[PDB]
Amino acid sequence: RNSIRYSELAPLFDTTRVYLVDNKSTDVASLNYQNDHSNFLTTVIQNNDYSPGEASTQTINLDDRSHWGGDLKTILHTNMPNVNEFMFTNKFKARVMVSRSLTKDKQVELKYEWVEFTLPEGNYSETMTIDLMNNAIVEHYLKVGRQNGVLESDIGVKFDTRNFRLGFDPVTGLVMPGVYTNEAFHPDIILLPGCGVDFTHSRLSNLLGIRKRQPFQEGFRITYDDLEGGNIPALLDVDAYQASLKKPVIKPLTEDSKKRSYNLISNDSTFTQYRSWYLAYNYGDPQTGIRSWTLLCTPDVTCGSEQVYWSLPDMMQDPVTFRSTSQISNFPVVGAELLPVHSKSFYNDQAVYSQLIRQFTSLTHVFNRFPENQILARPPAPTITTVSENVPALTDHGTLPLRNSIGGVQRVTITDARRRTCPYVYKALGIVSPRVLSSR
Amino acid sequence: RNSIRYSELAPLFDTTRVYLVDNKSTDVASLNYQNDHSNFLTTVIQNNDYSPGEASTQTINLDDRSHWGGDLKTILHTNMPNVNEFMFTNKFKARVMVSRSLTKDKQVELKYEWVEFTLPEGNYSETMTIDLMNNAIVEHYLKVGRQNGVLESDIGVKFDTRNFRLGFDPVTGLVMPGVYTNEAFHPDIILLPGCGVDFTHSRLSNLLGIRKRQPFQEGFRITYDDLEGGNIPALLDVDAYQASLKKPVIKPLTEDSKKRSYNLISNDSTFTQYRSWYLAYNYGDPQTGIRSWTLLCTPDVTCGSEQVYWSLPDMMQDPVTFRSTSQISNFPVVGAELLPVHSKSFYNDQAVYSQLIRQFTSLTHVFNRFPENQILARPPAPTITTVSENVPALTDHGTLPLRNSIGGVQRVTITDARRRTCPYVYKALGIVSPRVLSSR
Amino acid sequence: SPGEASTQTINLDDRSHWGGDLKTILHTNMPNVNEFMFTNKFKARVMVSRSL
Amino acid sequence: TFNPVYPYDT
Amino acid sequence: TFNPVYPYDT
Amino acid sequence: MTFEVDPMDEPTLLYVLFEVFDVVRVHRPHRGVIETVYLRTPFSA
């Protein structure tokens, strides 16, 4: 009526457990080899005698007269890096200045080009991720920039995280303090005329916390031109003003120590040519600015909760509309589950008291190369850093229909959103508990 | 009896799984486009052949002879900012002084007006949120205040967080220490004669931790006049008293460095014209004061746990009393769930030892502009800051009735309390597992 | 109109005894120390006067 | 007669 | 003869 | 319905009575047992 028979052993009734597990010493040796914990074979047999493979011949038979089903809970555990190549978090296109030249007697010829910089897999934490990006902009300048004109003064594109506008005085037209108040509010990206960044093929966008208000329109390009209204205002010549006590004030600090120009639009304007995203969003025209088509969001280092799909092709019936095949990247799905990664949050009031000390701690100002320029400076570390953290996930799918004849060797397969094994799985295993559902 | 048929594939029995998911490469391209993760279409088909849309023609049929139902668990994940425009946490009305004038020979003409200040989306943490508010009060004074008389001495409205009354001596009538003990207890709002604040259209109220004891009476206005009994007492002239060793004591420090007046009611009284909410609550008449109609509550940065409603118009039967429609903002609801945001709490004994150091860390005293005035000073950072944090929510709704003919394309829709898509959804997807319930 | 709504009623078939699963979402924000919970007061005996 | 509203001294 | 009850020295 | 009234310099109210049947049926099957059946039509409550 509801048996469960196996080769030659006492028949069992009503229910039991078949175990899908990678570890088994025997099968690892033989079976999987060129496989990994995301696409492997395993014997469900569990009987000490019998050579695996020869096991493959045997079968667990759930009484034929009834349609069976089984509860499938699984234990999935990864250890995927915040920033890696497979997830698309190690690359990102941006347009920078390539050459600054003296041409055809009087012309200033500026040549800009798009280029894709890559990051060294792993390096978690958001802030640091920013830094690694800024550094990659530089590392490039080091291989092309300088040796083709282009000064530091005109480095296009830099990810910062502050509100260049806190000091700002509605009359002066300047950041009175003479310094862009060094506190971190949200990541944003700053651009110089003519350049900009593109994330079309990268989840890092999600790390900065900047998304399109219309996601499905593939094409994340944020040009200098887009950051309308909201160019970082200029600094008051704190020195002049004070010593001068008319009043100098109108004097908008044009350079800095080591004399770098703050590219001011004209000898008059209080504004600089440096455009900030964060500004355009909440300080620019809400109806036509950038706030119109992009959204200011919480960072999230994981870069985006993605899901993984399970499949047990040789043990569960194929769900409603999937068709059975043998193409690993199209197997039927039997369970979906978010990919095991969380955002742990910490507190480091030590940030920026630490950037200050961190710089001495790290024997180099590698990230802060321009410790004077109020722009190109090293963005403030925000209190509350986030870090992707891997965690085992004791998930639980529902009862799923089973085949009344379970093969000795079952194939287990965890796929990702785009349907492809996921290299970052360290442990995957599931427990199935069959039971009756109705009869034929 | 209980089949589950699809186009031309083997019939399935008893149960299975239909998946509602946004990601699918095909549909994103075609279908949704002008949509977002809170109002999108998706094919339930899952069959590799067939052009989406042409998929739309097909249908999953749950045996007609029985009334089916399906378990619906979902995975929702957002990333909405502590302070943003859509949730109503970036604005707040307050009444401040606009002009101080010398008029009609002997009159002192004070003109006050209401005005709505806005905040720059994002900027989490409660303390900092306070600061951003205080700053907005200022930023306004900078554009209207000064250039119309009104000194700093008479800036109306400032959010602080301390107990101006710890030093207080029942005889002296003064805060003996000569300083309002710089420790943070709870946010409160201080007012000058004639002004005050209004939150009628803002959840920030909930951030300060001040609520009406009768919520549903739309209208949160807290006037200076309301903060009866409980005007910040004055400071002992610590210098005079000591040097003087009758005893000066009665001397209530009238100004401070940079000479700002502490607006004392009269040349006699030990009390200042500055009224504090926090005082009125526990130091004023309990029967008629403010404690009568407002409640002192725990902060909470999220500003208020709000819920979101799901709807699968084309797949579930319409719950008891909802009527079926096509107006996105009235679809039937099938599941309610709190909007994925928590209050993580931290410890920063570094607060106020940090405000002290934070000020040097941040190259500007932007928030502390009046580092002398014991009132207008920068509120102490409280130990234990809170921060809204987004978290994926693996929720689980119950079994819901299904239509016996499931369309190829289903429409998924997450709405909010007021019934409107929620821009801050990054991932939404659900799994439905149909099963029999009775027959016709 | 609500109220006029009050007139209407949801009727669960009469021939059967019904029951319903009730899950709820509760959220407060009560203070560590407050009057209603009895954490803001406390009696103690102290010295009032020292005399010759 | 312009208040920068900022304590430059300290 | 008034105790401020506060160590002003330190 | 559209009412046209003389203007008044003060807030007023238009009071409308929708005439219907507001009835009750009282059942008293046993000692200390009162069961009622209310019916209001139109405009059922």
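**Student:** Teacher, can you tell me more about the overall build of chain F here?
**Tutor:** When its secondary structure is counted, chain F shows zero helices and two strands. Overall, the C-alpha framework of chain F stretches about 60 × 20 × 10 Å when taken along its three principal axes. Within the span of chain F, comprising 45 residues, buried residues form 0% of the whole. Positive and negative side-chain charges in chain F, numbering 4 and 7 respectively, have mean positions lying 31 Å apart.

**Student:** Would you mind showing me how to read the overall build of chain A here?
**Tutor:** Looking only at helices and strands, one finds seven helices and 26 strands in chain A. Relative to a compact globule of 440 residues, whose C-alpha radius of gyration would be 22 Å, chain A shows 30 Å and is clearly more extended. In terms of overall dimensions, chain A has C-alpha extents of about 105 × 40 × 40 Å along its principal axes. Looking at the 440 residues of chain A, the share that counts as buried comes to 57%.

**Student:** I'm lost on the interface of chain B and chain A in this one. Help?
**Tutor:** A common measure of how large an interface is: the accessible area buried when the components associate. Each partner contributes residues to the interface: chain B has 70 residues there, and chain A has 65 residues. Here chain B and chain A share an interface that buries about 5,800 Å² over both sides, 58% of which is from carbon and sulfur atoms. The largest share of the area that chain B buries against chain A comes from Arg17, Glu121 and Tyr426 of chain B, three residues that together contribute 10% of it. Linking chain B to chain A there are six salt bridges. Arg291 of chain A serves as the salt-bridge partner of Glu85 of chain B, at 3.2 Å between the closest nitrogen and oxygen. Here chain B is connected to chain A by 26 residue pairs in polar contact. Breaking the side of chain B that touches chain A down by element, the ones donating at least two residues are β2 (12-13), β3 (18-21), β6 (66-78), α3 (126-145), α7 (354-361), β21 (386-390) and β26 (425-439) of chain B. In terms of residue count, β26 of chain B provides more of the side of chain B that touches chain A than any other element does, five residues in total. In terms of residue class, the side of chain B that touches chain A is built from 34 nonpolar, 22 polar and 14 charged.

**Student:** For this particular structure, what's the right way to read the interface of chain B and chain C?
**Tutor:** Counting residues at the interface gives 11 residues for chain B and eight residues for chain C. Here chain B and chain C share an interface that buries about 740 Å² over both sides, 55% of which is from carbon and sulfur atoms. On the surface where chain B and chain C come into contact, there are one salt bridge. Across the pair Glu35 of chain C and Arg291 of chain B runs a salt bridge whose closest N-O atoms are separated by 3.0 Å. Within the side of chain B that touches chain C, the residues separate by chemical class into four nonpolar, three polar and four charged.

**Student:** Looking at this model, I keep getting lost on the domain arrangement of chain A. Mind explaining?
**Tutor:** Residues and elements named next belong to chain A. Segmenting chain A into domains produces domain 1 (1-79 + 307-338 + 392-440) and domain 2 (80-306 + 339-391). For domain 1 and domain 2, the distance between their C-alpha centroids amounts to 50 Å. Taken residue by residue, the interface counts 17 residues in domain 1 and 12 residues in domain 2. Surface buried jointly by domain 1 and domain 2 totals about 1,300 Å² across both partners, of which 63% is contributed by carbon and sulfur atoms. Three residues, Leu338, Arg420 and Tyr424, lead the burial of domain 1 against domain 2; their summed loss comes to 39% of the area buried on that side. Run the count over domain 1 and domain 2 and you get zero salt bridges. In this assembly, domain 1 and domain 2 are joined by six residue pairs in polar contact. Counting residues per element, the ones that place at least two in the side of domain 1 that touches domain 2 are β6 (66-78), β18 (307-310) and β19 (335-338). Sort the elements by how many residues they give to the side of domain 1 that touches domain 2 and β6 lands first, with three residues.

**Student:** Help me understand the arrangement of the chains, please; the structure alone is not making it clear to me.
**Tutor:** Ranking the six pairs of chains in contact by number of contacts places chains A and B first. At their nearest point, the C-alpha atoms of chain D and chain E are still 24 Å apart, with no contact between the two. The two units chain A and chain F remain apart, with a minimum C-alpha distance of 40 Å.

**Student:** I keep staring at the environment of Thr24 of chain C and nothing clicks. Help me out?
**Tutor:** Examined against the element boundaries, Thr24 of chain C turns out to sit in the segment after α1 (4-7). C-alpha separation for the pair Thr24 of chain C and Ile10 of chain C, spaced 14 residues apart in sequence, amounts to 20 Å.

**Student:** Help me understand the sheet that holds strand β14 (residues 221-223) of chain B, please; the structure alone is not making it clear to me.
**Tutor:** Within a sheet, adjacent strands bond to each other through the backbone by hydrogen bonds, running parallel or antiparallel. Residues and elements named next belong to chain B. In spatial order, the strands read β8-β7-β12-β14; together these four strands make up an open sheet with antiparallel pairing. This sheet does not close on itself; its edge strands, each paired only once, are β8 (107-118) and β14. Direction aside, neighbouring strands of the sheet carry axes that sit 20° apart on average. Relative to β8, strand β7 (residues 91-103) runs antiparallel, the two sharing 12 bridges. Considered in β8, the bridge of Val96 is made with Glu113. Packing against the sheet, α3 makes contact with β7 and β8, and its axis sits at approximately 35° to β7.

**Student:** Just checking my understanding: could you explain the sheet that holds strand β7 (residues 91-103) of chain A for this structure?
**Tutor:** All names here are of chain A. As summarised here, the arrangement of the four strands in space is β8-β7-β12-β14, forming an open sheet in which the pairing is antiparallel. Each edge of the open sheet is held by one strand with a lone partner, namely β8 (107-118) and β14 (221-223). Across the sheet, the mean angle separating the axes of adjacent strands is 20° when strand polarity is ignored. Pairing geometry for β7 and strand β12 (residues 196-198), over three bridges, is antiparallel. Bridge assignment links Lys93 to a residue of β12, and that residue is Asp198.

**Student:** What am I meant to see in a nonpolar patch on the surface here?
**Tutor:** Residue and element names in this part refer to chain F. On the surface, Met1, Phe3, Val5, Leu14, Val16, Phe18 and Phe43 cluster together into a nonpolar patch covering about 740 Å² of accessible area. Position of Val16 among the secondary structure elements: in the segment before β1 (21-27). The class of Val16 is partly exposed, set by a relative accessible area of 32%.

**Student:** Mind showing me how you'd approach the pairing of strand β9 (residues 158-162) of chain B here?
**Tutor:** For a regular strand, side-chain orientation follows a simple rule: the groups alternate between the two sheet faces. Residues and elements named next belong to chain B. With five of five residues buried, β9 lies mostly within the body of the structure. Bridge count between β9 and strand β11 (residues 184-191): four bridges; the pairing is antiparallel. The residue of β11 that forms the bridge with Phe159 is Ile189.

**Student:** I'm lost on the packing of aromatic side chains in this one. Help?
**Tutor:** Residues and elements named next belong to chain A. Taken as a whole and assessed by the stated rule, the structure comprises 21 aromatic pairs over all chains. When the ring of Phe92 is compared with that of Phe117, the centres are 5.1 Å apart and the planes differ by 40°; the resulting orientation is tilted. Placement of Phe92 in strand β7 and of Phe117 in strand β8 is noted, with a sequence separation of 25 residues between them. Each residue in the set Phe92, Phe117, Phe159, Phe199 and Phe220 is aromatic and connected to the rest through ring pairs, giving one cluster. We note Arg165 situated over the ring of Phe168; from NZ or CZ to the ring centre the distance is 4.6 Å. One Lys or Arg, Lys427, reaches over the ring of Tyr426 and ends 5.2 Å from the middle of that ring.

**Student:** Where do I start with unusual backbone geometry in this structure?
**Tutor:** When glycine is set aside, most residues are seen to have a negative phi, and most peptide bonds are trans. Here the residue pair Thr41 of chain F and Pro42 of chain F is connected by a cis peptide bond, since its omega of 0° sits within 30 degrees of zero. Considering the arrangement of structural elements, one finds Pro42 of chain F in the segment after β2 (35-41). Despite not being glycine, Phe88 of chain A has its phi angle at roughly 75°, a positive value. With respect to the helices and strands, the residue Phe88 of chain A is situated in the loop between β6 and β7. One non-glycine residue, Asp14 of chain B, lies in the positive phi region at around 75°.

**Student:** What is the right way to look at α7 of chain B in this model?
**Tutor:** Think of an α-helix as 3.6 residues a turn; residues three or four steps apart then line up on the same face. Residue and element names in this part refer to chain B. Along α7, the residues that are buried comprise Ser354, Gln355, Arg358, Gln359 and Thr361. The buried side chains of α7 occupy one side of the element, clustering within an arc of 160° when seen end-on. Where α7 is buried, its residues touch α3.

**Student:** Any chance you could explain the relation of the copies chain B and chain A here in plain terms?
**Tutor:** In this structure, two copies of a chain are linked by a rotation about an axis accompanied by a shift along it. Rotating chain B by 72° and translating it 0.1 Å along the rotation axis places it on chain A, where the RMSD comes to 0.0 Å. These values place the two chain copies in the arrangement generated by a five-fold rotation axis.

Reading the values: rules and limits
Residues numbered from 1 in each chain as written, not as in the entry; some residues may be left out. Chains lettered and ligands numbered in written order. Part of a larger assembly, values for the part shown. Heavy atoms only, no water. Helix = DSSP H or I, 4+ residues; strand = E, 2+ residues; numbered from the N terminus. Buried < 20%, exposed > 50% of the residue type's maximum accessible area, 1.4 Å probe, protein only. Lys, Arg positive; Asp, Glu negative; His and termini not counted. Charge placed at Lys NZ, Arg CZ, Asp CG, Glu CD. Rg over C-alpha atoms; globule rule 2.2 N^0.38 Å. Contact = heavy atoms within 4.5 Å. Buried area = accessible area lost by both parts, 1.4 Å probe. Salt bridge = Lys/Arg side-chain N within 4 Å of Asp/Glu carboxyl O. Polar contact = N/O pair within 3.5 Å; in protein donor to acceptor, adjacent residues only side chain to side chain. Nonpolar A, V, L, I, M, F, W, Y, C, P; charged D, E, K, R; others polar. Domains from an automatic or database assignment. Pairing = 2+ DSSP bridges. Axes fitted to C-alpha atoms, helices over the stretch in contact; angles between N-to-C directions. Patch = residues over 30% accessible without salt bridge, like charges linked within 9 Å, V, L, I, M, F, W, Y side chains within 5 Å. Areas by Shrake-Rupley, 256 points an atom, 1.4 Å probe, with all protein chains shown as cover. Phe/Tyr/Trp six-rings, centres within 6.5 Å; stacked < 30°, edge-to-face > 60°. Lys NZ or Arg CZ within 6 Å of the ring centre and 35° of its normal. Arc of directions from axis to C-beta. Least-squares fit on C-alpha atoms.

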